[PDB]
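> Here is the sequence, then the experimental structure:
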Amino acid sequence: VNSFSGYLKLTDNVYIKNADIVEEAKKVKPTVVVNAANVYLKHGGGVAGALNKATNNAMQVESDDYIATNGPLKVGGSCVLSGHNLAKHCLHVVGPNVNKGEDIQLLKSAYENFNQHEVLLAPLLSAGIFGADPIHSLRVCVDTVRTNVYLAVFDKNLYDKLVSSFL
Ligand SMILES: C[C@H]1C[C@@H](C(=O)O)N1C(=O)c1cc(O)nc2ccc(F)cc12
């Protein structure tokens with residue numbers, strides 16, 4: 001038993017809700033919140049900008065130190081950093097950005113990072129400003145993640161489309 005509420009169950013291990021991941025994180029304090037990161041951990045907009053804003057820019061300060069030490073992430077890769085006031089940990093995961101021409105097949109590699117964590121609150125990778133089809137992203141999530149994932153979908157119209165079209 002865990003503290004996530006109001007989720008619709010899609011499969012044995014994947015759950016989905018219409019929610020703001022920031023507010024969802026603020027209430028649940030999950031062990032892991034997933035950020036929709038880029039390779040530079042520049043959290044300017046989308047999910048990353050909202051998560052970072054909710055940390056009063058502490059996420060960005062920590063991220064800049066990480067990059068100065070380690071260099072950029074790989075597309076499809078991830079790193080674990082602090083969850084600040086939102087979660088114990090933040091798993092920064094880089095899905096391919098279609099608006100940068102990155103290969104969509106890397107989306108499966110991106111979701112594989114979730115399997116290193118027993119339970120996660122997450123957005124749909126490569127959705128939103130990353131330009132992928134959220135329905136495809138949901139399919140890859142279901143077919144790749146084996147750990148327990150709670151997906152927060154900000155837009156109510158998209159949420160309804162994702163549920164109604166789910167196979
Ligand atoms: C994860 C992808 C799918 C879509 C969604 O969750 O609905 N995403 C967003 O990043 C997003 C979109 C949108 O229209 N408003 C948003 C408002 C706040 C926020 F933090 C994210 C969004």
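Received it, and whenever you're ready, just let me know what you need. Residues are numbered from 1 along each chain as shown.

> Every contact and neighbour count from this point should use C-alpha atoms.
Fine.

> which parts of the chain sit against the ligand?
The chain comes close to the ligand at residues 46-47, 50, 123-124, 127-128, 153-155, 158, as judged by C-alpha under 6 Å from any ligand atom.

> number of nearby residues for residue 44?
By the criterion of other C-alpha atoms under 10 Å, residue 44 has 15 neighbours.

> if we look at the top helix by length along the chain, which residues are touching it?
If you go by DSSP state H, the chain has its longest helix at helix 58-70. The contact list for helix 58-70 (C-alpha atoms under 8 Å, 6 or more residues apart in numbering) reads 40-43, 52, 81-84.

> Show me what counts as buried in that helix.
58-60, 63-64, 66 (16 or more other C-alpha atoms under 10 Å).

> Which ones among the contacts of helix 58-70 map onto helices?
Short answer: those in helices (DSSP H) are residue 52.

> Can you tell me which of the contacts of helix 58-70 is nearest the ligand?
residue 52 (10.2 Å; C-alpha to the nearest ligand atom).

> I figured the closest one hits residue 42, correct?
No. Residue 52 lies out of contact with residue 42 (C-alpha atoms under 8 Å); the separation is 9.6 Å.

> who's more crowded, these two?
Per other C-alpha under 10 Å, whichever of residue 52 and residue 42 has more neighbours is residue 52, with 22 against 16.

> how near is residue 3 to residue 110?
Remark: distance between residue 3 and residue 110 (C-alpha to C-alpha, to the nearest Å) = 26 Å.

> Those two - which one has more neighbours?
Legend: neighbour count by other C-alpha under 10 Å for residue 3 and residue 110, higher for residue 110 (23 against 9).

> Much appreciated, bye for now.
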